[PDB]
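*Asks:* Chains as they are written, first to last, in the authors' numbering: chain A, 1 to 306; chain A', 1 to 306. A prime marks a further copy of an entry chain. Quick one: structure below, then a few questions.
2 protein chains.
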Amino acid sequence: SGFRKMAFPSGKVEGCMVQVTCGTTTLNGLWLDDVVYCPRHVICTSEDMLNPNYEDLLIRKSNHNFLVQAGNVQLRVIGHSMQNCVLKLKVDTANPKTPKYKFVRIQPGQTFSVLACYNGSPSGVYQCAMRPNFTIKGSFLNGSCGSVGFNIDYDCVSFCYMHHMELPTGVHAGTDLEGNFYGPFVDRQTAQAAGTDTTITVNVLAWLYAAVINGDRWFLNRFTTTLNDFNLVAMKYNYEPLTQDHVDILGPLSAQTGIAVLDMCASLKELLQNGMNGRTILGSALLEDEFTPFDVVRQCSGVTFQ
Amino acid sequence: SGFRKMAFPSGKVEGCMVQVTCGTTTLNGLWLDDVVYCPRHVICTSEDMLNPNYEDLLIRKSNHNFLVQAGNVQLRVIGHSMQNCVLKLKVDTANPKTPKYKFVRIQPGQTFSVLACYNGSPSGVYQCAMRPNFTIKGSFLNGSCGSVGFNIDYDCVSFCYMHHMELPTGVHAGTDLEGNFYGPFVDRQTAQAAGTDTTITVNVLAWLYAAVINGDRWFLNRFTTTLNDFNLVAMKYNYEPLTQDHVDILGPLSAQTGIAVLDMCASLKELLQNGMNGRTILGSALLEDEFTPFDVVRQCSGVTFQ
Ligand SMILES: *[C@H](O)[C@H](C[C@@H]1CCNC1=O)NC(=O)[C@H](Cc1ccccc1)NC(=O)[C@@H](NC(=O)OCc1ccccc1)C(C)C
Ligand SMILES: *[C@H](O)[C@H](C[C@@H]1CCNC1=O)NC(=O)[C@H](Cc1ccccc1)NC(=O)[C@@H](NC(=O)OCc1ccccc1)C(C)C
């Protein structure tokens, strides 16, 4: 029993974290096979960042201008290219610790773990969600760029996020591992707007199910509601619209708890309309939306990986 | 910027997780050098658990009754002993992945990461605190026993916790790695009381400092207070008494933020007396006490490990 924001074991990802230096700037890179991936703004000076022309800047660089250090040992860069907002450094030595991996572009509302890194060394690991507005609420200081987000499926690492920048919000933006940004963001130090975030309704319901599985049932109410009546309430509270695909995804939790999804929405509706009255659910005084139905199921069935 | 409940990278600990079977029961073990550690209740049948005599039960066992599996590969058990509530299995092969380690018995209020395991395979990793009443608020299902808590200092793993049992509370109890329980608990399936928990005042203040470092300053008030006046307020709210040793520990955060510790207590006092009024601090609608001053400092300076 118990329910915790839990991240995947980071060991498989730790072994791929390298330090990338080009000019004065140093950031983290991902070493898979004989390719090291990192944000292309590593080739930027502080003044370049205000308005960079990445083609022109990169043309000034050659292979030897890229310092790639894996702990103590050294990659010889024998090829470099820019794919979207990522730099790909071809090295002469495949990482002997390369795990089974795939590059995945996740959907808003999905979750993944972040292995925060500085100078190519892991600092810490934490879960979060791709917000509906394609930002993440992370913990990132200077030199954290190139730190990656990932999920594990038994033995395969799915890389889904590479960190590039912090917005004027304390929120974070970045790319998938083909270097395409999540959201409308560009890698330029210029004012940029995330847009209205919304709460991931299907994650909230899955978390309400997690609560009932762990004895927290006080919010379970006498009522039910309709999919359209609840979506009216949801739009008032900047909750994303619940669909039938979401209902189907909550099916297993529904079957485990013997609580219909629409009975759960009705509890959720009275929580949105009356608040929590100073109560807590799973140790939180707010509605939590960074657990997917899969997150919940996995933590209350005990799926492991290696 | 940003502030997240962050756990240590688990890679070094993943490499020590083995599966231990004795009779029908299977749990996790910690493989360091040529010794595998695990809870002694692995030798218990479900009926033994109600009132076990561990000496008598263990005498019925020999080395070959212990099945230790490291992924696919196999330890030959060549010696077993009971140290307090832990079983020590001598195996013929030292773990080639043994990291620099030490066994540490932590203090209430300190934090550590948990690598939750099932059948010797890591499932997930999360932070928490040893409560003042020597329980942890974890996430543990059946087969999680033997999962360990730890901290890392550069390259040295300090093991501090091994999971043994869940209480009638959904809270968790366990031992250090010499097999001494944290708290008054015994490894017997019999009703057991944790006692009144309290909030870790020094962790709360460190988190308030974390808030100010990240722009959340609304709680900063016009007032100051005295160490004894604040401790009066603290005792009313089941907060642990703030001491000068705690003040000295908060010194660096004090110097970084230019906010005196007692000015912070005065903010804390008005938060305890008037609540948060529906506001949040660092994305929480409750006062958070599972970050030590060290946790805060480390996340806002970027210390790394390997
Ligand atoms: C990489 O190590 C670093 C990590 C940052 C620092 C603190 N938290 C983080 O996530 N990232 C950066 O320094 C990038 C550098 C960059 C260079 C060239 C192109 C793009 C990015 N910059 C930022 O994260 C900065 N954010 C923005 O510039 O975002 C747009 C913006 C918003 C308001 C005003 C101007 C520009 C950040 C403010 C340091
Ligand atoms: C080990 O894999 C397992 C993990 C448990 C299951 C779910 N969450 C957990 O942390 N732990 C156990 O099953 C232990 C087994 C045990 C056997 C012999 C001696 C001690 C423990 N048992 C428990 O965690 C149970 N908790 C208690 O028995 O605690 C005292 C108590 C409280 C109320 C009523 C009777 C006894 C737990 C209730 C399964």
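Yeah, the Cβ is synthetic: ideal placement off N, Cα and C, and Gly gets one too.
At a Cβ threshold of 8 Å, is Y101 (chain A') touching chain A?
*Replies:* Stepping through the second sequence from its first residue, residue 101 (chain A') is reached at position 101. False, the Cβ-Cβ gap to chain A never drops below 8 Å.
*Asks:* From the beta carbon of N214 (chain A'), is the nearest beta carbon of chain A less than 8 Å away?
*Replies:* In the second sequence, residue 214 (chain A') corresponds to position 214, counting from 1. By this cut-off, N214 (chain A') is an interface position.
*Asks:* Use the C-beta contact count for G120 (chain A'): other C-beta atoms within 10 angstroms, 16 or more gives buried, fewer gives exposed.
*Replies:* Within the second sequence, numbered from 1, the residue matching residue 120 (chain A') stands at position 120. The residue is buried, with at least 16 neighbouring Cβ atoms inside 10 Å.
*Asks:* In chain order, which continuous runs of the alpha helix (DSSP H) of length 4 or greater are located wholly inside the stretch 24 to 71 of chain A?
*Replies:* For the stretch 24 to 71 of chain A, whole alpha helix (DSSP H) runs of length 4 or above, ordered along the chain, are 54 to 59.
*Asks:* In chain order, which alpha helix (DSSP H) runs of at least 4 residues are fully inside the stretch 210 to 276 of chain A?
*Replies:* DSSP runs (the alpha helix (DSSP H)) wholly in the stretch 210 to 276 of chain A: 227 to 236, 244 to 249, 251 to 257 and 261 to 274.
*Asks:* Pick from A:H80, A:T224, A:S113 and A:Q306: whose alpha carbon is nearest that of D34 (chain A)?
*Replies:* Within the first sequence, the letter at position 34 stands for residue 34 (chain A). Cα-wise, what sits closest to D34 (chain A) is A:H80.
*Asks:* Does DSSP put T169 (chain A) in a helix, in a strand, or in coil?
*Replies:* Within the first sequence, the letter at position 169 stands for residue 169 (chain A). Of the three classes helix, strand and coil, the one that applies to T169 (chain A) here is coil, per DSSP.
*Asks:* What residue from A:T24, A:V73 and A:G124 has the CA that sits closest to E14 (chain A)'s CA?
*Replies:* As a position in the first sequence, residue 14 (chain A) is number 14, starting the count at 1. It is A:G124 whose Cα lies nearest to the Cα of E14 (chain A).
*Asks:* Quick one: what's got a C-beta closer than 6 Å to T98 (chain A)'s C-beta in the same chain, skipping five residues either side?
*Replies:* Numbered from 1 along the first sequence, position 98 holds the residue referred to as residue 98 (chain A). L32 and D33, listed in sequence order.
*Asks:* Taking its Cβ as the centre, do 16 or more other Cβ atoms sit within 10 Å of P293 (chain A), making it buried, or is it exposed?
*Replies:* In the first sequence, counting from the first residue as 1, residue 293 (chain A) sits at position 293. Buried: at least 16 other Cβ atoms inside 10 Å.
*Asks:* Which residues of chain A' have a Cβ atom closer than 8 Å to the Cβ of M162 (chain A), listed in chain order?
*Replies:* What you label residue 162 (chain A) is simply residue 162 of the first sequence in a count that begins at 1. Correct list: empty, because the minimum Cβ distance to chain A' is about 16 Å.
*Asks:* Under a Cβ-count criterion, where at least 16 other Cβ atoms within 10 Å of its own Cβ denotes burial, should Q127 (chain A) be classed as buried or exposed?
*Replies:* The sequence position of residue 127 (chain A) within the first sequence is 127, counting from 1. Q127 (chain A) should be labelled buried.
*Asks:* Taking the beta strand (DSSP E) that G124 (chain A') falls in, what are its first and last residues?
*Replies:* By one-based count along the second sequence, residue 124 (chain A') stands at place 124. Here the beta strand (DSSP E) through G124 (chain A') covers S121 to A129.
*Asks:* Assuming contact is defined by CB atoms lying nearer than 8 Å, are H164 (chain A) and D187 (chain A) in contact in what I supplied?
*Replies:* Counting from one through the first sequence, the residue named residue 164 (chain A) turns up at place 164. Counting from one through the first sequence, the residue named residue 187 (chain A) turns up at place 187. Yes, the Cβ-Cβ distance between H164 (chain A) and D187 (chain A) is below 8 Å.
*Asks:* Could you give the distance in angstroms between the alpha-carbon of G195 (chain A') and the alpha-carbon of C16 (chain A')?
*Replies:* Counting from one through the second sequence, the residue named residue 195 (chain A') turns up at place 195. Counting from one through the second sequence, the residue named residue 16 (chain A') turns up at place 16. The straight-line gap from Cα to Cα measures roughly 34 Å.
*Asks:* Check whether the Cβ of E290 (chain A) lies closer than 7 Å to any heavy atom of ligand 1, and answer yes or no.
*Replies:* As a first step, residue 290 (chain A) must be located in the first sequence, where it is residue number 290. The answer is no for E290 (chain A).
*Asks:* Which bits of chain A' does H80 (chain A) rub up against, with CB to CB less than 7 Å?
*Replies:* Taking the first residue of the first sequence as position 1, residue 80 (chain A) is located at position 80. Simply none; closest approach about 26 Å.
*Asks:* Does DSSP put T199 (chain A) in a helix, a strand or coil?
*Replies:* Within the first sequence, residue 199 (chain A) is the residue found at index 199, counting from 1. Note: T199 (chain A) maps to strand in three-state DSSP.
*Asks:* What would DSSP say about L115 (chain A'), mapped onto helix, strand or coil?
*Replies:* Translated into the one-based positions of the second sequence, residue 115 (chain A') becomes position 115. Looking at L115 (chain A') - three-state DSSP - the assignment turns out to be strand.
*Asks:* Tell me, please, which residues DSSP counts as bridged to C156 (chain A).
*Replies:* Position 156 of the first sequence, counting from 1, holds the residue named residue 156 (chain A). Paired residues: A:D153.
*Asks:* Give the residues from the stretch 284 to 306 of chain A that approach chain A' closer than 9 Å (Cβ to any Cβ), ordered along the chain.
*Replies:* Against chain A' - using a Cβ distance shorter than 9 Å - the residues of the stretch 284 to 306 of chain A are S284, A285, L286, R298, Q299, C300, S301, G302, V303, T304, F305 and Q306.
*Asks:* I want to see whether chain A comes within less than 8 Å of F8 (chain A'), judged by CB atoms only; does it?
*Replies:* Mapped onto the second sequence, residue 8 (chain A') falls at position 8. Yes - at least one Cβ of chain A is within 8 Å of the one on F8 (chain A').
*Asks:* So, at 7 Å on beta carbons, what are the nonlocal neighbours of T198 (chain A') in its own chain, with the 5 sequence-adjacent residues on each side left out?
*Replies:* Taking the first residue of the second sequence as position 1, residue 198 (chain A') is located at position 198. So the list reads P132, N238, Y239 and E240, once near-sequence residues are dropped.
*Asks:* Please decide whether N119 (chain A) counts as near chain A', where near means a Cβ-Cβ distance under 8 Å.
*Replies:* The sequence position of residue 119 (chain A) within the first sequence is 119, counting from 1. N119 (chain A) counts as touching chain A'.
*Asks:* Would you kindly work out how many angstroms separate the C-alpha atoms of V68 (chain A) and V18 (chain A), rounded to a whole number?
*Replies:* Taking the first residue of the first sequence as 1, we reach residue 68 (chain A) at position 68. Taking the first residue of the first sequence as 1, we reach residue 18 (chain A) at position 18. C-alpha separation (whole angstroms): 7 Å.
*Asks:* DSSP state of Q299 (chain A'), grouped into three classes?
*Replies:* The sequence position of residue 299 (chain A') within the second sequence is 299, counting from 1. Here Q299 (chain A') sits in helix by DSSP.
*Asks:* Roughly how far, in whole angstroms, is the beta-carbon of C156 (chain A) from the beta-carbon of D176 (chain A), given that I think they are within contact range, below 8 Å?
*Replies:* Counted from its first residue, the first sequence places residue 156 (chain A) at position 156. Counted from its first residue, the first sequence places residue 176 (chain A) at position 176. With 8 Å as the limit, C156 (chain A) and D176 (chain A) do not qualify as a contact, their Cβ atoms being about 16 Å apart.
*Asks:* Counting only the same chain and skipping the five closest in sequence on each side, list residues whose C-beta sits under 6 Å from that of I106 (chain A).
*Replies:* Sequence index remark: in the first sequence, residue 106 (chain A) carries index 106 (1-based). Hits under 6 Å: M130 and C160.
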